[PDB]
Every structure is written in structure tokens, then in C-alpha cells.
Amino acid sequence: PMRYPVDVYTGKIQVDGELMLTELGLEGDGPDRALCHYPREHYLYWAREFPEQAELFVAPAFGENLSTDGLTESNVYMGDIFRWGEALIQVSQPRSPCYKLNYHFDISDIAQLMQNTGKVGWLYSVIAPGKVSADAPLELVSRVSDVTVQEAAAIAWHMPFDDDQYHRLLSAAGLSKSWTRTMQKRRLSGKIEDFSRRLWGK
């Protein structure tokens, strides 16, 4: 039963107190995307990649609510349920990188790079609202799937069209509504949707 200590941030500013996790997110901050998570470890990577702006790559530069060390996309699975203090949360999707990040860091291809590396983080849906805190760690209570956030990112963005793999992703407990809609549409249309608008803003 590993515990992952969490640094919390809301509208973005570090929080030390006890606070309330509602169905719609933490107080002061849709239901499938109420909580953003980014692995603190990835900052080291970005800093190496862009030395002359290493000072920009610290939490919560990527807009995250939860910052941790020891959880990454390859050891966190779709549908995973974690207890956090009094609340329950479930992994709903990988976070899709967005062009707005490029302007936030004033680096032209960050979003593209995030997507390519798969160092994107994940969003939660809140299964039970409750009292939470910075001093209360995450604890995995149910793993109900075999698809790691990493694999979900790969199915989404790295692989050529594979109906079988979309079927697999659609079978993942907790999958967000948008990702269900996106993947189902691929299966029916036979086409992978455009990423350009999301990634560049052009």
C-alpha cells in the first residue's frame, strides 16, 4: 500500500490547509476533468531540454492541481481509484496538450513535444466528495484496468489507426466521456481526428 504525498494547488497557488474537494474540483479553483495531475519528475526533463528557461519549469507551471513524485504515466492506469483523505477519485484520461501552453512558456512547440513524449499527466473524476489536504497522501484502492495512462496516450496519438486498440481503450473503466466519444468516432468513421487546432492554435 504505497502512499504518494501530494502538493496541492488551486486558482495557481500552493495550498497548505485542509480544503474541500467537490464534484466539480477543489474549492477556490466538467465533472470528468475536475482535477489535473502532473508528475513533478518531468520538470527535470524539460529543464534539460530547455536550459535557458529552466527557471520556468517548476510546479505548477503546467496548470496542475496535484504534484507528486513516484507516479508517472507508465505506472498509473486508466480507471485507477485513489483515496485521498476523505474523498475518492478515478483516473479518467491523459491530459491533452493544448496550444495555450506554448504561449504560457513562450516556447513555440511545447504542446507538440508534450504529446510526442507522452509526458502529459492525467485528469480525475471525483467519485466521492470530501475533506482533503496537502498532508493527506494518495492511496491506490482499486486498479480495475490494464491500460496505463502511457498506453492510452500511445493509442490516442502515437499509433496508426487500430480498431482493436480503440476497443481496448473503450473498455477502460473510468474513461472520460470525451475520450469515449473521440474513440468511438474513430471506430465508426475510420479516421483519426485532427490534432492541429488543439496543438498550435492556428
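Throughout, we count residues from 1 along the sequence that is shown.
> Between residue 11 and residue 12, what class does the number of missing deposited residues fall in: none, 1 to 3, 4 to 9, or 10 or more?
A long stretch, 10 or more residues, is missing between them.
> Counting only residues of the deposited sequence, how many between residue 41 and residue 42 have no atoms in the entry (none, 1 to 3, 4 to 9, 10 or more)?
Nothing is missing between them.
> Regarding 167-175 and 56-64, which shows the higher C-alpha temperature factor on average in the entry?
The stretch with the larger mean CA B-factor is 56-64.
> Comparing average C-alpha B factors as deposited, tell me which of 192-200 and 1-9 sits higher.
Comparing 192-200 with 1-9, the higher average CA B-factor belongs to 1-9.
> Highest Cα B-factor in the PDB entry belongs to which of 143, 158, 37, 48?
48 has the highest C-alpha B-factor of those listed.
> Divide the modelled residues of the chain into thirds by Cα B-factor and specify which third, lowest, middle or highest, holds residue 29.
It belongs to the highest third of the chain when residues are ordered by C-alpha B-factor.
> By the record's CA B-factor, is residue 147 among the lowest, middle or highest third of residues in the chain?
It falls in the bottom third of the chain.
> Could you tell me which third, lowest, middle or highest, the C-alpha B-factor of residue 91 occupies within its chain?
Answer is lowest: the recorded C-alpha B-factor places it there.
> Could you look up the Cα B-factor of residue 138 in the entry and say which third of the chain it sits in: lowest, middle or highest?
CA B-factor rank for residue 138: middle third.
> Among the modelled residues of its chain, does the C-alpha B-factor of residue 111 lie in the lowest, middle or highest third?
Middle third of the chain for residue 111's C-alpha B-factor.
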